[PDB]
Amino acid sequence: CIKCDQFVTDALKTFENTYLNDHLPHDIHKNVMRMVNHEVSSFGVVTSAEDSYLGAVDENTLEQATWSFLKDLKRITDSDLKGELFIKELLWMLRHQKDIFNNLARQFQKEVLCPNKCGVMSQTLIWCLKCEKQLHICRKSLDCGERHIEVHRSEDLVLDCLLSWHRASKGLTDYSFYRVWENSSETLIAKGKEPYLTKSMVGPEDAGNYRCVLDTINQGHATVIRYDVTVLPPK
């Protein structure tokens, strides 16, 4: 994906136009660049089987790849290497940066990608072949689970709808908190960007089932959490 970052392409433009003259004879420049560009364009391109894990990467990981690649390309720019050794080390550095990228993508999937164990997440991915930003939808069963909440009388009742991955998810609209009646109907008791609901000075009338549903601009509901609230005596 590094080809998708303006800093990499500008870096290669300066490398070809300015820095190559220092290291190598002019007449071998173009061919060298061809190879360089070829290798830089092969970054992240998928061979099927497992390789699909390199076809797309989040903006942050693309940033890491960009900056390590630029670090090495600058190292070689500043090296005393020339001729055959400069070419050998250049191609080796491209192969090594390709390894670094592969590691960053593999890692990105293991941890960063589809971290949600429930609900629907939306992550901005860069597809490396065409350099296209798309919204990747990690879709799992919308209902995340049921919380058993117990609160003494005249205390604060807090319903926490926040999930780990929520902060990272894209396109989140407001959380909506509903009260689910024994009659099998519900009324919205709150809506807004706050991940939680607070009800003050609860009483037995507040005992019951509650529900939290997070909404998105496009994809749908991101998360649902149900709450079973039992009001205890004051002491």
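Counting begins at 1, following the sequence as shown.
If you average the CA temperature factors over each stretch, which comes out higher, 148-156 or 118-126? On average, C-alpha B-factors are higher across 148-156.
In the PDB record, does 51-59 or 33-41 carry the higher mean Cα temperature factor? So the stretch with the higher mean C-alpha B-factor is 51-59.
Going by the CA temperature factor in the entry, name the top one among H23, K13, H221, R226. In the PDB entry, the greatest C-alpha B-factor among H23, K13, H221, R226 is found at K13.
For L232, does the deposited CA B-factor place it in the lowest, middle or highest third of the chain? For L232, the deposited C-alpha B-factor lands in the highest third.
Sorting the chain's CA B-factors, does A65 end up in the lowest, middle or highest third? For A65, whose C-alpha B-factor we compare with every modelled residue in the chain, the answer is the lowest third.
Please say which third, lowest, middle or highest, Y175 falls into when its CA temperature factor is compared across its chain. It belongs to the middle third of the chain when residues are ordered by C-alpha B-factor.
Lowest, middle or highest third of the chain for the C-alpha temperature factor of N103? It belongs to the highest third of the chain when residues are ordered by C-alpha B-factor.
Where does the C-alpha B-factor of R75 rank in its chain, lowest, middle or highest third? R75: CA B-factor falls in the middle third of its chain.
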